[PDB]
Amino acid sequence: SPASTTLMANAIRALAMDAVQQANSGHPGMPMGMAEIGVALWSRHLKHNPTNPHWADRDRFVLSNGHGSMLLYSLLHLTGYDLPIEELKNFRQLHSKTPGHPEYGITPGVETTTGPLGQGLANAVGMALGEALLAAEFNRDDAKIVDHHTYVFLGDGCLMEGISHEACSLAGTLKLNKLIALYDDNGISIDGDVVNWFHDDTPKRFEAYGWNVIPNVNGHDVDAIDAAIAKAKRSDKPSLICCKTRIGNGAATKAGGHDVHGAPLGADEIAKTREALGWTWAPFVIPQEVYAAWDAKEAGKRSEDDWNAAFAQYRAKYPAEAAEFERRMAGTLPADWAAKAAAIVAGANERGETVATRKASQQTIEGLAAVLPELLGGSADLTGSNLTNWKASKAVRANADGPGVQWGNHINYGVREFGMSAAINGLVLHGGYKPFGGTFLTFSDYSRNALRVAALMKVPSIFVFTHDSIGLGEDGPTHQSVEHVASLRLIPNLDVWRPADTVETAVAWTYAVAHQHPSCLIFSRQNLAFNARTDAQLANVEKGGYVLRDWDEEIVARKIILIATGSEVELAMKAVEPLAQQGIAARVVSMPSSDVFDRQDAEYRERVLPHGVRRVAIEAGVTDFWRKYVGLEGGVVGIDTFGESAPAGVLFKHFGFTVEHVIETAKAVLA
């Protein structure tokens, strides 16, 4: 007898309930509820190769309800990915390939890192947009190389989160019809029956976004779910399949209950569940016929083999394009990257312009685009204000007459910071593009956890933020960042650049673009003075903090270091001659990135900030951050309150960003 769908689904049940029991921790409800959905999608529709999780044209799957991780670990194991049974035995254990929520980079087949509800859905919107752009860009009438679907499992949690609204409204407007969402519709969240706090007509909601909805599907009928996916694959709109399930389905006593979401079933309940399901095998034992029914290694090999032959036929007709496709899918920059980056930094230096760093950024974007065809910019409805767009770009737009998008390389995201940012994580994960997205610095508070997840996954998302201080002027304290620059530096693995002029901007951008981890690039509204640099100083900008103005040789005056960033570098420099007329010799250290500076070696950090010489930090943001560089004995010229609505000039004088206050602070520090 070969395996029935019931036996295939019950294997998921058994692995889930057993792994959770073993760890005494985790979530058996969702995996047990979603088991028939897993069979229908994975065994009948998903195009993938377990032997090569990196195959360019694989379907992308995302588990947005990430707490149900054992569902993904079961499917991966059963269908033949390199995730052995011993790894499932070590669910939720230190250094296992089975962490409590799935982690990209940790486990083969895991496309993104989930756990924070709602972000998977948005990642998946990004992945579908990437497929759609990459298809419009690379496919030719006589040779197709891009064609895959994007699948996402999600629950009540993701649908309640505001980010689902941002993502799905945008996906509906852009007609991303190869995105197919399967909703685990089980009527229950952690607090109990969802109807008491979440009574949406969800089908009607998604129709309003311009999605196709298949409501009221029996989530325990494989054939019905299978049929719903097949209809979805014929749809001219993104689809939502509402799969009515019972949470913890199959459990003897606890199914549909308020206690199966996120605690182990208990040994008795498992024993009773085994008998109720007729599942006779011991924990982590899977019978041969169950592996044989699930295993995807043969079909995965045929699929990738046909694709490789298709790509070979495409290379013969389109060799330059085929090589571009490979390079870009790998996330590799051009072979002559070092030359091309240097041309961009050098042009910034030749021009010697005094402009706002948001304008510097746009000038640098212009130069990047000319050599990076993968460049993909965008803004959360602040295009003309962030200056994220370039003259030769083309805006992404839905096709007027059918599904999908016309190719473009700049995206209007709408007023959707968080959705934009998690979409960018998706775009970066998909491969083929180098994406970035802008908003005002303070509204990093809206997209924050997406910046964090990018930093956790270690993918090189680029987040542009403009209007970075009181320097923005009249829009006032709701808009003026104070705490943000420092608060972003706190996130592990997230580089923060706050350049002082065109040259630092070109370095920040070129560095960010080549770096493996994500970056925040922070620009001013207001014009900042250009700084002339020697060759030695130019070479040191990329070290994050460097000596911009040194003391003269063999001097006699009392020494101070001024450490400044961004718009405050200008203030530090205007303070040098005045400090000298006061008997104080001021070195100016510019620190466009403290994160990068901290990675420099000890000899170099000691050369920039010599022990025993006192320091004043200068930055239009909270002061406490600076104590790591200035100590208890040092000073800081900064801002520890919210701002005020007035012109920038007025605000800078009001808040003590003046030569006089710098002098006074330096004198206090030297006393």
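One rule holds for the numbers: they count along the sequence shown, beginning at 1.
Stretches 437-445 and 256-264 differ in mean C-alpha B factor, with the higher average recorded for 256-264. For the two regions 612-620 and 61-69, the entry's Cα B-factors average higher over 612-620. Listed residues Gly566, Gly367, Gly126, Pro287 were ranked by CA B-factor as deposited; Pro287 comes out on top. The PDB entry assigns the greatest CA B-factor among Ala356, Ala171, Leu159, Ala585 to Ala585. Among all modelled residues in its chain, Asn540 ranks in the middle third by Cα B-factor.
Among all modelled residues in this chain, the alpha-carbon of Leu176 has a temperature factor (C-alpha) in the middle third. Per the deposited record, the Cα B-factor of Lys89 falls in the highest third when ranked against the other modelled residues of its chain. When all modelled residues of the chain are sorted by CA temperature factor, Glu417 is found within the lowest third.
When the modelled residues of the chain are ordered by C-alpha B-factor, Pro108 sits in the middle third.
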